[PDB]
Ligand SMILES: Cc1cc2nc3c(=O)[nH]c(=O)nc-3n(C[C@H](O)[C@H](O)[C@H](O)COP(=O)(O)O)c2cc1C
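To begin, one chain is listed below as structure tokens, in the form solved without flavin mononucleotide (FMN).
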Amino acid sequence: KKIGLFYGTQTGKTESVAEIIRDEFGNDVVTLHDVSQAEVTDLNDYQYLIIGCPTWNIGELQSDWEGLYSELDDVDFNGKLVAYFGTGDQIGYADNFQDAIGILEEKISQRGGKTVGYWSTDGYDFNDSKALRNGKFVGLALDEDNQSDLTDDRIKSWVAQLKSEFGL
């Protein structure tokens, strides 16, 4: 009803985590939007947003999201609070781990969005990332290929953090 969660997914992991995030928030607070069936103008309807996008393209963005990216200039995000999460492989993409959410954040904050939900890089083994803001990632970094046993606990901690930041 109040937080719009827009995700794009390739193998379905970002979508399953989006449903978990939805449940952790509860009370009909978050409405899920698969970006394959969304329009950029749908983002304008929320004052609270959660952007989900995996990184599997070594120097490109998830197809569904790749499309919306070009039209992100058509939307004013000033006043909106935005959080980010994505899936990736810190070993197979050591130099580009979670690049997708960093690209998205750069664009959105330029348009006026305020990033909420920074997440610690501790416990990850990678080299670089466009999502790296230096001591923290721009949002929740998940790795189901190497750290699937840490996923639910990470989601649990991040949602508790977002509850405070979003004022829930």
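Heads up: residue numbers just count along the shown sequence, starting at 1.
27-35 and 59-67 differ in mean CA B-factor, and the higher of the two is recorded for 59-67. Here 95-103 and 128-136 are compared by their mean Cα B-factor, and 128-136 comes out higher. Per the PDB entry, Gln110 shows the highest C-alpha temperature factor of the residues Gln110, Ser120, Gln47, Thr115. Annotation for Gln90: C-alpha temperature factor in the lowest third relative to the rest of the modelled chain, per the entry.
Sort the chain's modelled residues by C-alpha temperature factor and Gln147 lands in the lowest third, per the entry.
Just so you know, the form solved in complex with flavin mononucleotide (FMN) exists too; it's not on screen, but the next bit is about it.
Placing flavin mononucleotide (FMN) onto this chain by superimposing the site C-alphas, using its pose in the entry with it bound, gives at least 3 ligand atoms within 2.4 angstroms of backbone or C-beta atoms, which makes the site blocked. This chain appears without its partner; in the entry with it bound, the one residue of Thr31, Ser36, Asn57, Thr115 with a heavy atom within 4.5 Å of flavin mononucleotide (FMN) is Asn57.
Only one of 95-103, 22-30, 36-44, 66-74 lies within 4.5 Å of flavin mononucleotide (FMN) in the entry with it bound by heavy atoms, and it is 95-103.
Proximity of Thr11 to flavin mononucleotide (FMN) in the entry with it bound: non-hydrogen atoms within 4.5 Å are present. A residue is said to contact a partner when one of its heavy atoms sits within 4.5 Å of a partner heavy atom; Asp145 meets this definition for flavin mononucleotide (FMN) in the entry with it bound.
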